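Student: Opening with a subset of the complex:
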Amino acid sequence: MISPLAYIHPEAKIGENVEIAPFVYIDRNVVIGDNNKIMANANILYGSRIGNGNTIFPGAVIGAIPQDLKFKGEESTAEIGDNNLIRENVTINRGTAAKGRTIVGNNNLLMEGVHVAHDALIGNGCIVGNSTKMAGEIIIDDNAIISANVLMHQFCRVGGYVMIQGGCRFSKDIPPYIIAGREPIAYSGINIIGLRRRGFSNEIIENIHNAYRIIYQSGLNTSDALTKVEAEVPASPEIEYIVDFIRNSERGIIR
Amino acid sequence: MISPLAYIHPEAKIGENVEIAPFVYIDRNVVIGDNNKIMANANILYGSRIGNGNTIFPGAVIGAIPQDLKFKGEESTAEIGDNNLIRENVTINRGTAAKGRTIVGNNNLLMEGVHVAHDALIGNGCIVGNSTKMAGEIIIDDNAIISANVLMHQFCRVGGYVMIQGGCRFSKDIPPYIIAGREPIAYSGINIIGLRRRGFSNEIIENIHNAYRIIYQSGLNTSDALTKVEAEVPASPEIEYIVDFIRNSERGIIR
């Protein structure tokens, strides 16, 4: 199960039922859980923390030092949870002193060439398309869908259930449940396909849609819009999430 | 010729005069033809079918399972023909039950980082630029030129002799002989440079140009335009290909 043509530092901690292919390189100060599959020519570097049930494809590089020139050799980690699919040549750099941990959650698919920068946070259940670049200290909430070649600026946040269209770029927050597309990026309606696939009721979908008609299409500033959403849209956890996300948005939200 | 520092599963079928570098990983259920060169740290995975006379550069990954979450472990292949240049970190995933075979033809150049998704079809004589992403079940006809960082949506088709400009994205079909550029993508004239390089007559080039003036610049709907092309442009296989491609376009064509 562990190929003798892998390089595995004696100090690496490796769980049970782990398959390691030839030409895998595993450093010291590495923790790997159970039921992982690490394919040929992958690199698991100093500071990596891997959970259970993941598949790491050829050429993936987990734990390299930050690309941030402010890095000065401080201790940090690069972490993934359980049941993720980490495709070919995906890079997940370890953290900087700004946070100290780059973290990916559970049940994500990071397609080939995806980059996860120092101190980034990915939740659970996300799909991130080919060669998308997530810059320093970003946050992706659960259940987001990001297409290929997306550029997410540092410090931004993406809400749950969004679909970001391929090739888009953005340097503001993207609030939950929306489609973000075009150049420059813009609110492009609700992710109705995603929400219907996930079994959201037509009524909840319509409420979400009405909240965003208020936010984006009623000529109201952000405070007034959120007031009106709170007054006029039948309340539910989904509507509270919209409101809370926007009200506390660190960057502001996209147009 | 075959490095002893390569890993080659005993069941892999390997032809004559094949050069395999150190740290190449070749799985079972692999067929490789004659006169291939496979460079260091390349991966040829379960289900790969490789023809003759190819060069596979370092870090290329052929045959990994689809990125489609609908994949359920069905048998499939990833295939390349003869005389291709498969550059660094090119990914060619094997197929899904939707078709079952990802196929690249002969005499293509897939530049570094190019992704070929499950069930895609590439013809012959194509050039595909750095990190271009071809999504599921796409079709590329012979002799196309696609620049770098292009995003081709699933189920789309690209006709012969096109030039798609760098960074463009599209989710409709691109008809033969044209330049497609800008954002949003658009018909940008004829690929006269390509056609002149390939020895097309000035007369045939002018006919093609006239067909597309009718299609794109005469205010006609698609049916009327194609009627008029068939009536007024001197007929040739090139003009029939334009007409047939557009008339049977599954997605519609770009604007």
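Tutor: Nice, thanks for sending it over. Numbers count the residues shown, from 1 in each chain, chains lettered A, B, ... in the order given.
Student: where along chain A do the helices fall?
Tutor: With DSSP state H as the definition, chain A shows helices at residue ranges A:192-197, A:202-217, A:222-232, A:237-247.
Student: Out of these, flag the one nearest residue A:161.
Tutor: Taking Cβ to Cβ, helix A:192-197 is the member of the helices of chain A nearest to residue A:161, at 5.7 Å. (Each C-beta comes from the backbone N, C-alpha and C, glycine too.)
Student: and that closest one, what other elements does it pack with?
Tutor: helix A:202-217 (3 or more Cβ pairs under 8 Å, 6 or more residues apart in numbering or on different chains; DSSP states H and E).
Student: Output the contacting helices and strands for the helix it packs on.
Tutor: strand A:186-190, helix A:192-197, helix A:222-232, helix A:237-247.
Student: Could you list the buried residues of it?
Tutor: A:204-205, A:207-212, A:214-216 (16 or more other Cβ atoms under 10 Å in any protein chain shown).
Student: Name the residues that touch it?
Tutor: Helix A:202-217 is contacted from outside by A:175, A:177-178, A:187, A:189-190, A:192, A:195-196, A:220, A:222, A:225-226, A:228-229, A:232-234, A:236, A:238-239, A:242-243, A:246, A:255, using Cβ atoms under 8 Å, 6 or more residues apart in numbering or on different chains.
Student: Quick check: phi and psi at the closest residue in space to residue A:59 that isn't next to it in sequence.
Tutor: Nearest residue to residue A:59, sequence neighbours excluded (Cβ to Cβ, 6 or more residues apart in numbering or on different chains): residue A:89, at 4.3 Å. Phi and psi for residue A:89, reported as degrees, to the nearest 10, are phi 60, psi 20.
Student: Wait, residue A:89 touches residue A:62, no?
Tutor: No - checked against Cβ atoms under 8 Å, the pair residue A:89 and residue A:62 is beyond contact range at 11.4 Å.
Student: Those two: which has the busier surroundings?
Tutor: Applying other Cβ atoms under 10 Å in any protein chain shown to residue A:89 and residue A:62 shows that residue A:62 carries more neighbours, namely 31 against 24.
Student: which residues touch that one?
Tutor: Shown in contact with residue A:62 (Cβ under 8 Å, 6+ apart): A:42-45, A:48, A:50, A:56, A:78, A:80, A:86, A:91-92.
Student: and if you look at residue A:64?
Tutor: If a contact means Cβ under 8 Å, 6+ apart, then residue A:64 has A:43, A:45, A:78, A:91, A:93-94 as its contacts.
Student: Distance check, it against residue B:211.
Tutor: 52 Å (Cβ to Cβ, to the nearest Å).
Student: What of residue A:60?
Tutor: From residue A:60 over to residue B:211 (counting by Cβ to Cβ), the distance is 47 Å.
Student: Please apply the same query to residue A:69.
Tutor: 54 Å.
Student: ditto for residue A:158
Tutor: Using Cβ to Cβ, residue A:158 is found at 44 Å from residue B:211.
Student: One more: residue A:45?
Tutor: 56 Å.
Student: and the residue nearest the centre of chain A, what are its bridge partners?
Tutor: Geometric centre of chain A, nearest residue: residue A:122, 3.3 Å, by Cα atoms, centre = their mean. Per DSSP bridges, the residues bridged to residue A:122 are residue A:104, residue A:140.
Student: what's the answer for residue A:77, then?
Tutor: Bridge pairing for residue A:77 - DSSP bridges - gives residue A:101.
Student: neighbours of it, just the number please.
Tutor: Close neighbours of residue A:77, defined as other Cβ under 10 Å, add up to 18.
Student: Repeat that for residue A:5.
Tutor: 16.
Student: Excluding chain neighbours, what is closest to it?
Tutor: Residue A:5 sits nearest to residue A:22 (Cβ to Cβ, 6+ apart), 3.6 Å away.
Student: Chain C should go on the structure too:
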Amino acid sequence: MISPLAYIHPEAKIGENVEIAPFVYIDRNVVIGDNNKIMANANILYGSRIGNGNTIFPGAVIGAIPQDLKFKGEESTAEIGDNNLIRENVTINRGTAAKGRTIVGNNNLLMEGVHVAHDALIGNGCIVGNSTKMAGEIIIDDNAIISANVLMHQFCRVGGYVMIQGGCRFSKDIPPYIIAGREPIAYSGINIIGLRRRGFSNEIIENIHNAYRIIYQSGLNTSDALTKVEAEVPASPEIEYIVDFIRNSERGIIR
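Tutor: Placing chain C onto the earlier chains gives this:
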């Protein structure tokens, strides 16, 4: 320091205090200087020339033959200087007969997936973001900052101290000290953040800003603008560099 699980051709010239990880592949006709660190699964190919004090991350490929189909097997090199950071899956192809040497200078950071084409020239002190593609025979002057997913057309030149925003593409020259952004790309003001960080005086910054107000915002053609800059902006090496760069621009400059 040199792993016995690396492949190193006996003819490769390797300097002192060089750390080489497992699964590194080093060819013949390679020169590597002192104090280098070459990480696992990197490839240093025929014709590579590496200076001192560099770090080459996993999956980087230095020296592969040009992607230019005009290449006919001529001798050429791929070269990097001193103190560079060459990140994961960076590709630096060797040259063609058009020049014969692909050259990267000193103290650069080439982030993951960056491509450096045949015969390209990179200076010193540059930062080039994730997966940026530099096409054939380009030139990057010292101290440039290029963000991620940038496409630089062949034969173009980028001046010092620019910031090119993420996802931009361009096929004209970019003159020194500016921000280039948007689609289509455009002059977007001065790189004041960069210049202030590097300790430029507020007075020199204001002069630069005034030169570009003349060039871009005064309705003057290029000759008249440069005449007026030479007459009205207090002279300094920075202003002479602006003027000289534009006056001798091979492609013309961006709008």
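Student: Check the contacts of residue A:62 one more time with chain C there.
Tutor: Per Cβ under 8 Å, 6+ apart, neighbours of residue A:62: A:42-45, A:48, A:50, A:56, A:78, A:80, A:86, A:91-92.
Student: tell me which parts of chain A are close to chain B?
Tutor: A:3, A:5, A:21-23, A:39-41, A:57-59, A:87-89, A:109, A:111-113, A:127, A:130-131, A:147-149, A:166-167, A:183 (Cβ under 8 Å from any Cβ of the partner chain).
Student: I figured residue A:113 hits residue C:149, correct?
Tutor: No - applying Cβ under 8 Å, one finds residue A:113 not in contact with residue C:149, separated by 11.0 Å.
Student: Please enumerate the shared neighbours of these two.
Tutor: By Cβ under 8 Å, 6+ apart, the residues touching both residue A:113 and residue C:149 are residue C:131.
Student: Now residue A:121: closest residue in space that isn't a chain neighbour?
Tutor: Nearest one to residue A:121, counting by Cβ to Cβ, 6+ apart, is residue A:139 at 4.7 Å.
Student: Ok, residue A:24 next?
Tutor: residue A:6 (4.2 Å).
Student: what's near enough to touch that neighbour?
Tutor: So residue A:6 contacts A:20-26 (Cβ under 8 Å, 6+ apart).
Student: who wins for most neighbours among these?
Tutor: residue A:23 (30 neighbours).
Student: Can you name the residues bridging to residue A:109?
Tutor: Following DSSP bridges, residue A:109 is listed with bridge partners residue A:85, residue A:127.
Student: Could you do residue A:44 as well?
Tutor: residue A:26, residue A:62.
Student: And it, how close does it get to residue B:181?
Tutor: Counting by Cβ to Cβ, the gap from residue A:44 to residue B:181 is 42 Å.
Student: Between these two, point out the one with more neighbours.
Tutor: It is residue A:44, of residue A:44 and residue B:181, that has more neighbours when counted by other Cβ under 10 Å, with 29 against 17.
Student: Can you give me the distance of the more buried one to chain B?
Tutor: 16 Å (Cβ to the nearest Cβ, to the nearest Å).
Student: Give the full set of residues in contact with that residue.
Tutor: A:12, A:24-27, A:30, A:32, A:38, A:50, A:56, A:62-63 are the contacts of residue A:44 under Cβ under 8 Å, 6+ apart.
Student: What of residue A:35?
Tutor: With Cβ under 8 Å, 6+ apart, residue A:35 has these contacts: A:15-18, A:52-53.
Student: And residue A:107, by the same measure?
Tutor: Per Cβ under 8 Å, 6+ apart, neighbours of residue A:107: A:81-84, A:124-125.
Student: how close does residue A:143 get to residue A:189?
Tutor: For residue A:143, the distance to residue A:189 - Cβ to Cβ - is 18 Å.
Student: neighbour-wise, which of these two wins?
Tutor: Each of residue A:143 and residue A:189 has its neighbours counted (other Cβ under 10 Å); residue A:143 has more, 21 against 15.
Student: Thought residue A:122 was touching that one, still the case?
Tutor: No - with contact defined as Cβ under 8 Å, residue A:143 does not reach residue A:122; the gap is 11.2 Å.
Student: thought residue A:27 was touching residue A:61?
Tutor: No - look at residue A:27 against residue A:61 with Cβ under 8 Å: they stay out of range, at 11.3 Å.
Student: Find residues that contact each of the two.
Tutor: In contact with both residue A:27 and residue A:61: residue A:45, using Cβ under 8 Å, 6+ apart.
Student: of these two, who's got more company?
Tutor: Set residue A:27 next to residue A:61 and count neighbours by other Cβ under 10 Å: residue A:61 wins out with 31 against 21.
Student: Enumerate every residue touching that one.
Tutor: Contacts for residue A:61 (Cβ under 8 Å, 6+ apart) come out as A:42-43, A:45, A:89-92, C:57-59, C:88.
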